[PDB]
There are 4 protein chains.
Amino acid sequence: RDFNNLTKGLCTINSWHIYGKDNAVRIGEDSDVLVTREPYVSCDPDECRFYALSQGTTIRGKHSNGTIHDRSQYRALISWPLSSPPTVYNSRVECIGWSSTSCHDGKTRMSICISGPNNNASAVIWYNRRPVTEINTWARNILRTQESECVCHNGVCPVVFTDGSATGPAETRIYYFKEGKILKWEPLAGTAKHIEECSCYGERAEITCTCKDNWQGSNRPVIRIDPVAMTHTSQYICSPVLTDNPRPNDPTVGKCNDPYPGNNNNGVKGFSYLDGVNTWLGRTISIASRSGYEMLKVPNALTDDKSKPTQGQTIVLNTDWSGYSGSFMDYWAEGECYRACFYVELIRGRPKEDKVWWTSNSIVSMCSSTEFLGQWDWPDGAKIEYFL
Amino acid sequence: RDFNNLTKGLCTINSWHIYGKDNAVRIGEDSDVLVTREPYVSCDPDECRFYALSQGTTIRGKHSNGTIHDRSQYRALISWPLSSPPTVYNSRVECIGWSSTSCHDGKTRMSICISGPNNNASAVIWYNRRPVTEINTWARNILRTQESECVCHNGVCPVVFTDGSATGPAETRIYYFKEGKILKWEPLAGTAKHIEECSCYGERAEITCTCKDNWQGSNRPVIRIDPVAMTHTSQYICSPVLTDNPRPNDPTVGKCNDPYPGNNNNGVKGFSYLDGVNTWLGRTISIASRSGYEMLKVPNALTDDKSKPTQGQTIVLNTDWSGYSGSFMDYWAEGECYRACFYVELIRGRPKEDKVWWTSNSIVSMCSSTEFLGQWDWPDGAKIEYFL
Amino acid sequence: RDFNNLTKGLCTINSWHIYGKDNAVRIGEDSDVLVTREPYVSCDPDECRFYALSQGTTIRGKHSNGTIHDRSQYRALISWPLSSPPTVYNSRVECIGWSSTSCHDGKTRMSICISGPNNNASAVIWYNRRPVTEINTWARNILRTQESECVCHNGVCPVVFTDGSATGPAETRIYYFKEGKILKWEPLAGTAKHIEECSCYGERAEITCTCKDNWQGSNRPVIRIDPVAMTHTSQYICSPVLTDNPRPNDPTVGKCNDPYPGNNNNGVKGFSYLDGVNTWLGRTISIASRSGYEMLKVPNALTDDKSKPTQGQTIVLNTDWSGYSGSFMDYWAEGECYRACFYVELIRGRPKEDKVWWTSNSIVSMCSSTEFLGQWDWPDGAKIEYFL
Amino acid sequence: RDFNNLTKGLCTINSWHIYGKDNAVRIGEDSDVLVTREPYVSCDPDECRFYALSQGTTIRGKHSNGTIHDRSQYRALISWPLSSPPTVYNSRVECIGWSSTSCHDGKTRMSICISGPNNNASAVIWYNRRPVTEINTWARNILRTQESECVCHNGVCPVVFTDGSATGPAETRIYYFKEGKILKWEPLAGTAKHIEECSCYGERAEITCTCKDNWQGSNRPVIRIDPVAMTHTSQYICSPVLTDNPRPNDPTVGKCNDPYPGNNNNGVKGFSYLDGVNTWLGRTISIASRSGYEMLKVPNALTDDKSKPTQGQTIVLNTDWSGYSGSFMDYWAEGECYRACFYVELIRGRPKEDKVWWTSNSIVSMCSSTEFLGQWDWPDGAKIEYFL
Ligand SMILES: *[C@@H]1O[C@H](CO)[C@@H](O[C@@H]2O[C@H](CO)[C@@H](O[C@@H]3O[C@H](CO[C@H]4O[C@H](CO)[C@@H](O)[C@H](O)[C@@H]4O)[C@@H](O)[C@H](O[C@H]4O[C@H](CO)[C@@H](O)[C@H](O)[C@@H]4O[C@H]4O[C@H](CO)[C@@H](O)[C@H](O)[C@@H]4O[C@H]4O[C@H](CO)[C@@H](O)[C@H](O)[C@@H]4O)[C@@H]3O)[C@H](O)[C@H]2NC(C)=O)[C@H](O)[C@H]1NC(C)=O
Ligand SMILES: *[C@@H]1O[C@H](CO)[C@@H](O[C@@H]2O[C@H](CO)[C@@H](O[C@@H]3O[C@H](CO[C@H]4O[C@H](CO)[C@@H](O)[C@H](O)[C@@H]4O)[C@@H](O)[C@H](O[C@H]4O[C@H](CO)[C@@H](O)[C@H](O)[C@@H]4O[C@H]4O[C@H](CO)[C@@H](O)[C@H](O)[C@@H]4O[C@H]4O[C@H](CO)[C@@H](O)[C@H](O)[C@@H]4O)[C@@H]3O)[C@H](O)[C@H]2NC(C)=O)[C@H](O)[C@H]1NC(C)=O
Ligand SMILES: *[C@@H]1O[C@H](CO)[C@@H](O[C@@H]2O[C@H](CO)[C@@H](O[C@@H]3O[C@H](CO[C@H]4O[C@H](CO)[C@@H](O)[C@H](O)[C@@H]4O)[C@@H](O)[C@H](O[C@H]4O[C@H](CO)[C@@H](O)[C@H](O)[C@@H]4O[C@H]4O[C@H](CO)[C@@H](O)[C@H](O)[C@@H]4O[C@H]4O[C@H](CO)[C@@H](O)[C@H](O)[C@@H]4O)[C@@H]3O)[C@H](O)[C@H]2NC(C)=O)[C@H](O)[C@H]1NC(C)=O
Ligand SMILES: *[C@@H]1O[C@H](CO)[C@@H](O[C@@H]2O[C@H](CO)[C@@H](O[C@@H]3O[C@H](CO[C@H]4O[C@H](CO)[C@@H](O)[C@H](O)[C@@H]4O)[C@@H](O)[C@H](O[C@H]4O[C@H](CO)[C@@H](O)[C@H](O)[C@@H]4O[C@H]4O[C@H](CO)[C@@H](O)[C@H](O)[C@@H]4O[C@H]4O[C@H](CO)[C@@H](O)[C@H](O)[C@@H]4O)[C@@H]3O)[C@H](O)[C@H]2NC(C)=O)[C@H](O)[C@H]1NC(C)=O
Ligand SMILES: *[C@@H]1O[C@H](CO)[C@@H](O[C@@H]2O[C@H](CO)[C@@H](O)[C@H](O)[C@H]2NC(C)=O)[C@H](O)[C@H]1NC(C)=O
Ligand SMILES: *[C@@H]1O[C@H](CO)[C@@H](O[C@@H]2O[C@H](CO)[C@@H](O)[C@H](O)[C@H]2NC(C)=O)[C@H](O)[C@H]1NC(C)=O
Ligand SMILES: CC(=O)N[C@H]1[C@H]([C@H](O)[C@H](O)CO)OC(C(=O)O)=C[C@@H]1N
Ligand SMILES: CC(=O)N[C@H]1[C@H]([C@H](O)[C@H](O)CO)OC(C(=O)O)=C[C@@H]1N
Ligand SMILES: CC(=O)N[C@H]1[C@H]([C@H](O)[C@H](O)CO)OC(C(=O)O)=C[C@@H]1N
Ligand SMILES: CC(=O)N[C@H]1[C@H]([C@H](O)[C@H](O)CO)OC(C(=O)O)=C[C@@H]1N
Ligand SMILES: *[C@@H]1O[C@H](CO)[C@@H](O)[C@H](O)[C@H]1NC(C)=O
Ligand SMILES: [Ca+2]
Ligand SMILES: [Ca+2]
Ligand SMILES: [Ca+2]
Ligand SMILES: [Ca+2]
Ligand SMILES: [Ca+2]
């Protein structure tokens, strides 16, 4: 109809309720489920769907051998009905590639897929299910993007890309697209020293992105975008409640403008909702591996370098595998506020479970409740032994 | 369009004709059919669909081992086209959880799923395929609901929940929802001493629910709701034709306001159509197990404590497995009256058939005819030996 | 929109072109294809679909054992996209039963399914996907119907039923339905001595049905219905070109008002287009079994007792299995005339191919061309050996 | 809505970006994917889909044995969602046959399938999913057509057919259809000596077709059609950059009006975009087999007999199998020009990979970019060993 505008603020997050779970690995032990990784969720005005990067093979298929690898010519961004598994028969290919983002602007959807060899990748921006724009690698070193939904305001949908080293300074760019065309792009500015895989959400005409500093930071870089002025800033979550993985133990004081040190060249896509006292941080429980997942209410985390948790909710037990996590919201729901939501990627197989030769995942996702709901843990649920 | 109003009375029930049957277990012996239990049927203005609680695995899948269990993080309310089986590829997830209800109000559908550990469950009410409201457990003991469709009148859709013991007094509540929001809730009142899994239908602006007294009653508790005044009453079916299972042999006089004794802490979801002389009771044939199923016309069963059958129809032979049963009607059909319908859950596997390690079911459903039709029996039809 | 009216005459049939073929048995050797029999084709204003009676199991499934049987509680009328196979995932159940008919009246579709034990069957007439009317067996001996599409004119859709013996006089009735309700029914009249499985088509406000005399006739009975006056007549195709199976060798003179003798208590559903010189008869090539299939132009077959072929077209080689055949037309196509079409059921398995324990079929269908097209033969195509 | 008119010229082709890839053979190793060959892509105003000629069996199915053969009664033109594989459950049959073409005219789609024995084939032209016209073989020797999309202008959709020898002069005809009816047909004229499998596209009210001279030419014949005057011309691509396969090594001067000699009675469907300096030729890398694939910018190839490459892009490595290739464009995209696209058929199995008994393929397709994008190679990706 008309382009959606971020006119609402976030609903008060007093807890998280179960939103969607596909049990993909369990079901896929005996049905035609595609092998995936890098999933996310994204809504259209009339439906919300699960998204991910297929490996172009089923889990039980012999081609599942080797799917620990990240970039091949057999991957594609696919979407499928909420809480169903990604099957060969119900998955819709949005575009071909090994890194992606997607978002609906209120009128139609924009999907971006990057493909190519490491030194010659290119992104192709689809709008209304047609290719409209292409961008060639500018640093010749794995052009890559969000791996979760972008956000739009009045037709403008900003997207964060990075090209260059994963263990040194790289060239991050913020592109402002409208109808799949480039209106403008900026180089990254601010104090964030390295940016990868931004998780974004919007409220009151502002887009907040919690990304990852693969190079040096265990605290997360944050990019705030003004989609009207098409400008942005960057910093790190000041809080001592560190949210990357692997990471060192929590200090009593964090860092606002520098990566918090202790772990180099590694990390996991993550997210946060930064809204004053209504601030919630997600993170793996383990400081060493992609194990467990919890939400922690850390009032003023973004700006308070001594902020610590005041409430929390366990999502995945530390004795269960987690993975990537990101933000999304149904901007077309009823009500006066936007209900914060997120998904957690539950990785199964390699490298942690090497008795099988594949790597895949299932999805669990939650949204906020103004109620103080009881908690449950939500594991993948599959028995690897069955796949042997 | 406009909210549906229960303006019609029931059609005269002179017999039952076959409405739907999915043969899920038979077909699933060699195709991707999800393992389920707790099924029901529910109509939208333009389509009627089968519903159930998936176990997040196929019947042939190795994860089918253990599906006798009731509540896990891998269950979800799913719906699928009438008389098709619940397959991985055609099932639509309505919400995540292990106890549910759902109903269309004429404009859109409301679906409710409860999930959680036994002492910390919560219900989340979806409306128009979006989460709108959440309710936390109030008794910290398996918050649970209908397991069949709710009914709406002018936007108001009452739902019966129970939280607390299954073998002693519990806290039953009647919530009146409108557009997924809570308008009001009452504690249970009347003479029903224990309420679980209500089967409801509506006619002439009144909603009748035939539930189950798990604690002490072999006769069924009945809740009648006025969706305008948003008030209700409760009693038991007075008839000596006892309809729970297990149950003692039929007496010559029943009980109107107390559970009829003889069997404690057990029962099965069931239903009835209470409409004066046009009253029909469904029940298992066996007084000991979920075996067989028959419909008995028992004029004035609700209020006459000596009422006995005047006509009947066998649905499932006593040499075949049955299970849960419930009511639903197509409130959007043509004609001057609402045609009473019901489904019977045909449980296969554990605990009765333990040579297999799973528990699932298929669905058979009937609706009334003003004709006096010949009867057939409708068994699940699968041979367990094939699954060995 | 508006009820369709049979305002056109038939197009000139100079040959037959390929319309649809699903290769169900071939494909089903390694995919989830339902076991069926008694198929047909039927059009809606916007789509034409394949129809059949499922056996409630896949061909490869273990429950396929025993599917030679005709009536069980696991059968249902299903429809699926033209030329696709009937799979568990794409088949839509129209109704439950073991004998059926279906037709669109221009506004919506009416589907009829009969179910029950031999002495207590009943038909339930669905209209707009809802049950509207029920008819109880009147002769208590396998109430049965067309097994191919019915035809409508201005809302009136006549259907031919038979109840009673298959080897002696029975009670055949012609019901005239409108919106699923019974407007009127007549007993069979005319000279046809036994009627079963009528294949009908309509043109210029007249409905012609070529049925089968299971009891005594090797020539086919024909019922002509006036859907406005709601009256009909009956006779036999006068032609010496005999079209039932099994049958005796063709004589030089046929019979107009009595079954042509030689074979008792057996036959196969078949059809014809009776339109003066534009008359075409379908039949198996074999006079002994359901083997082969050919179309023969026999000018004035209905009324000329010495009519012999003037042109012909082989559809299935005598070294290939055939089965039932029936008529249908796309009454909603463009143009000035109705294009005659038909389907042939290609039966595989029992009883002819007993190395397998199942019985199923695939569908081949043709429509007429005003051109004189070259012919090909169209066999099922599956290798039974593969199923062993 | 209204018939589409070719009002735009081609966009400048500076490189090719990835458009679609289904990874059919990989995925089909463990899912219900139909065996195919002769694929193409074609757009409707609201969606673009993959097309191909099914073999009426899955790859893993036992009936896959023998699918190297070209024409059987079990083939059909099917279409399925872009970048999905052709599965038994998502494939839509357009028509029955072993040679086809299809195109949308802006209002609805026309699909043509030819079937029959070698000496008695016939084409049936479907429009709006209904059969409208039939054409009988005129040379009684494998009537055959494009094997890729046709193109329409103001309702007129020309199609090129050939009937007669594949190794000597044959009878090629250009039919001009409108709403599935024949407006006119011409015999081939011009200097092309043999025509088979034309790949066409349209721009500025002109339709260009790059076909194949199976008999003598290693350079490609080109037919240019005026869909208004319903007239055409024919010649060969003058360029020394030879594009058929097998073929002799490139000379320094090509031929404009005669087949370039060196290889007889063989070839592969291919294509080109002939637009002055904006001219790009596709071809296998190998001069001996259907191996590899590259795009070469050869300014003025059509008219310059000494034109050589000025830029290029590798699509498939010479160490990977290719096959047929053809043109298509989304005539309903936004913008001021038509974006050239093409697909390459990636053949797997027989005859090159004879350890398996089947022959199938997957699809890779690209469209042009005005950017100078980095290149990647796009192989089928399946390991034949897995199928053993
Ligand atoms: C039914 O459901 C309800 C609803 O969920 C249940 O009630 C919930 O119970 C939750 C568990 O108790 C509870 O969550 C915790 O909240 C704490 C905050 O509340 C407390 O402090 C505030 C502030 O003073 C008080 O106001 C309040 O009254 C409470 O006293 C959090 O602090 C908890 O998180 C910390 O502990 C967990 C382990 O429990 C860690 O995993 C987590 O990471 C936090 O601790 C680490 O991080 C801090 C900060 O740096 C460190 O200081 C600390 O030492 C830990 O650091 C180590 O561990 C991390 C992670 O591994 C590592 O990185 C680091 O290096 C160190 O090694 C927790 O979030 C809910 O808030 C509560 N909800 C409600 C509404 O009440 C109820 O129990 C259920 N009922 C039943 C019967 O089960
Ligand atoms: C073709 O189709 C038609 C249509 O269906 C067939 O005709 C139908 O035939 C049915 C079977 O006969 C018949 O159903 C029965 O109806 C009885 C009522 O009708 C009779 O009584 C009335 C009232 O006086 C008369 O007017 C009427 O003329 C009849 O005489 C019911 O009473 C029957 O149910 C009871 O029996 C069945 C076993 O048959 C039990 O399963 C059932 O539970 C009922 O009996 C138990 O319950 C009562 C009440 O408490 C007890 O008193 C009794 O002892 C039984 O109790 C034991 O069993 C229960 C259950 O296990 C247990 O809990 C308890 O503790 C005890 O152990 C039955 O419903 C249809 O009405 C009739 N329909 C029509 C339209 O005619 C026709 O036959 C078919 N044709 C062919 C050729 O097959
Ligand atoms: C390319 O394609 C074209 C288009 O299809 C091909 O041309 C077609 O070729 C067809 C085969 O020849 C041909 O079909 C036949 O037509 C005959 C009628 O035409 C002839 O007679 C008329 C009338 O005088 C002439 O005008 C005309 O010029 C012809 O001379 C039919 O009579 C044929 O059917 C009979 O024969 C077949 C076997 O071929 C039987 O299966 C069939 O049942 C018919 O014969 C039985 O029935 C009759 C009637 O009772 C009996 O008299 C006769 O003895 C047979 O009876 C036995 O068999 C039956 C069945 O088993 C059994 O029940 C009974 O008891 C007995 O045992 C046949 O239909 C097309 O018309 C023709 N089409 C066109 C447009 O030309 C062309 O050849 C192809 N090209 C190539 C290169 O292959
Ligand atoms: C990142 O991505 C970019 C973008 O893709 C990469 O840059 C691209 O690199 C491509 C490979 O170099 C390049 O493609 C070539 O372009 C040549 C034309 O450019 C050159 O000449 C022009 C004209 O003078 C100059 O202006 C320009 O500056 C260049 O110097 C083509 O000529 C190339 O094709 C020929 O070579 C390939 C093998 O590389 C053959 O396969 C191909 O068929 C061509 O050669 C055959 O055909 C010609 C013509 O008849 C014969 O003369 C020649 O001998 C060959 O003939 C044999 O082989 C054929 C085929 O087997 C056989 O039939 C015959 O009988 C003979 O046996 C090639 O197309 C892109 O244009 C370039 N793109 C851009 C935008 O720059 C970049 O490298 C990537 N980065 C990294 C780090 O990898
Ligand atoms: C989001 O904001 C823009 C205004 O910035 C709204 O756009 C106006 O919409 C009306 C109706 O379409 C037009 O007549 C105005 O010209 C539009 N645009 C501008 C840029 O001025 C848009 O409608 C808002 N979205 C929604 C859902 O209300
Ligand atoms: C393509 O061209 C034809 C004109 O040749 C356009 O046809 C006219 O369309 C209008 C609106 O439908 C009619 O009133 C004219 O009579 C049409 N036809 C002719 C043949 O004159 C057609 O609209 C054009 N297509 C598009 C998409 O604009
Ligand atoms: C484009 C790409 O390959 N991105 C991969 C990502 C990066 O390799 C990592 O961010 C370092 O750059 O790692 C991970 C990862 O799980 O750590 C997943 C992504 N597939
Ligand atoms: C929420 C829940 O677990 N409900 C279960 C139900 C209850 O356990 C029973 O009603 C007693 O409370 O039992 C049964 C049952 O078949 O007896 C099924 C339900 N899954
Ligand atoms: C209702 C029913 O069972 N009809 C069956 C039909 C009849 O048995 C036959 O017409 C004789 O009555 O036979 C055949 C048959 O193939 O001969 C198929 C039908 N399934
Ligand atoms: C109608 C038909 O069979 N066409 C086939 C085609 C021709 O055989 C070839 O063009 C020579 O005529 O060959 C090839 C081929 O791959 O060479 C594929 C086509 N299936
Ligand atoms: C998987 O691939 C590895 C590496 O190629 C190979 O050694 C291994 O045996 C394969 N495992 C299986 C089950 O194919
Ligand atoms: Ca399978
Ligand atoms: Ca890091
Ligand atoms: Ca009880
Ligand atoms: Ca007979
Ligand atoms: Ca050639």
Side-chain angles (χ1 to χ4, degrees), chain A residues 1-7 36-38 45 53 55 67-72 75 97-100 105-107 114-116 118 121 141-147 152-156 161-167 170 178 194-197 205 211-215 228 245-246 265-269 290 323-324 331-332 345 347 351 359 361, chain B residues 36-38 53 55 67-72 75 97-100 114-116 118 121 141-147 161-167 170 194-197 211-215 245 265-269 290 323-324 345 347 351 359 361:
Chain A
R1 269 296 187 163
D2 252 332
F3 285 128
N4 177 61
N5 299 315
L6 308 169
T7 61
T36 62
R37 263 217 63 212
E38 296 84 32
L53 288 178
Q55 287 279 18
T67 53
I68 191 177
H69 300 312
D70 294 299
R71 310 177 290 287
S72 76
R75 306 203 76 173
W98 39 249
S99 178
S100 83
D105 65 16
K107 290 190 174 171
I114 295 157
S115 77
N118 297 354
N141 187 183
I142 314 177
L143 172 58
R144 51 206 186 273
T145 190
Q146 302 179 190
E147 315 304 2
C152 309
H153 182 253
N154 195 24
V156 184
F161 295 83
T162 298
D163 195 336
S165 186
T167 61
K178 176 140 167 168
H194 195 86
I195 293 290
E196 276 192 23
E197 301 164 336
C211 322
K212 138 210 171 177
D213 182 331
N214 189 76
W215 176 21
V228 178
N245 178 268
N265 317 152
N266 203 350
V268 62
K269 179 181 169 59
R290 293 166 180 191
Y324 281 19
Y331 299 89
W332 300 270
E345 175 190 44
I347 306 168
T359 292
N361 67 282
Chain B
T36 62
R37 263 217 63 212
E38 296 84 32
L53 288 178
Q55 287 279 18
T67 53
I68 191 177
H69 300 312
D70 294 299
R71 310 177 290 287
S72 76
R75 306 203 76 173
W98 39 249
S99 178
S100 83
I114 295 157
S115 77
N118 297 354
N141 187 183
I142 314 177
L143 172 58
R144 51 206 186 273
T145 190
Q146 302 179 190
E147 315 304 2
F161 295 83
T162 298
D163 195 336
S165 186
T167 61
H194 195 86
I195 293 290
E196 276 192 23
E197 301 164 336
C211 322
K212 138 210 171 177
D213 182 331
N214 189 76
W215 176 21
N245 178 268
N265 317 152
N266 203 350
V268 62
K269 179 181 169 59
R290 293 166 180 191
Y324 281 19
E345 175 190 44
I347 306 168
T359 292
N361 67 282

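Proteins come first, then strands; the chains are lettered A, B, ... in the order of their sequence lines, and each starts at number 1. These numbers come from the heavy atoms of this one structure, side chains and all, not from hydrogens, waters or symmetry mates. Indexing begins at 1, ligand by ligand and atom by atom, following the structure's order.
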Decide whether a cation-pi geometry holds between B:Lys269 and B:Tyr324; the criteria are a distance under 6.0 Å from NZ or CZ to the six-membered ring centre and an angle within 45° of the ring axis.
no
Geometric cation-pi criterion B:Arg144 and B:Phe161, 6.0 Å radius, 45° cone
no
For [atom], is some protein heavy-atom partner under 4.0 Å away?
{"atom": "atom 8 (C) of ligand 5", "answer": "no"}
{"atom": "atom 5 (O) of ligand 5", "answer": "yes"}
{"atom": "atom 27 (C) of ligand 5", "answer": "yes"}
{"atom": "atom 16 (O) of ligand 5", "answer": "no"}

Minimum heavy-atom distance [X]-[Y], with the two atoms named:
{"X": "B:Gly267", "Y": "B:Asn214", "value": "N-OD1, 3.5 Å"}
{"X": "A:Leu53", "Y": "A:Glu147", "value": "CD1-OE1, 3.9 Å"}
{"X": "A:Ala121", "Y": "A:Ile114", "value": "CB-CG2, 3.9 Å"}
{"X": "A:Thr162", "Y": "A:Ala170", "value": "CG2-CB, 3.7 Å"}

Any idea which protein heavy atom is nearest [atom], and the distance to it?
{"atom": "atom 25 (N) of ligand 5", "answer": "A:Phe3 O, 2.7 Å"}
{"atom": "atom 20 (C) of ligand 5", "answer": "A:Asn154 ND2, 4.1 Å"}
{"atom": "atom 12 (O) of ligand 5", "answer": "A:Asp2 OD1, 2.7 Å"}

Are the side chains of A:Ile195 and A:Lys212 in touch, meaning some heavy atoms are under 4.5 Å apart?
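Sidechains of A:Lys212 and A:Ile195: no contact.
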Residue pair B:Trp98 / B:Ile142, side-chain heavy-atom distance below 4.5 Å
yes
Test side-chain hydrogen bond (donor to acceptor under 3.5 Å, both in side chains) applied to A:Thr36 and A:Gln55, step by step
CA-CA 6 Å; A:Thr36 62; A:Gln55 287 279 18; over 6 Å; no
Under a 4.0 Å heavy-atom cut-off, which residues neighbour ligand 7?
A:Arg37, A:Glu38, A:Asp70, A:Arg71, A:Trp98, A:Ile142, A:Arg144, A:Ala166, A:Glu196, A:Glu197, A:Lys212, A:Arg290, A:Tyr324
Assess whether salt bridge (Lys or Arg N to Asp or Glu O under 4.0 Å) is satisfied between B:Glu38 and B:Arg75, documenting all intermediate values.
CA-CA 11 Å; B:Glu38 296 84 32; B:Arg75 306 203 76 173; 3.0 Å; yes
So is there a nitrogen or oxygen of A:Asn5 less than 3.5 Å from a nitrogen or oxygen in ligand 5?
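So ligand 5 has an N or O lying under 3.5 Å from an N or O of A:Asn5.
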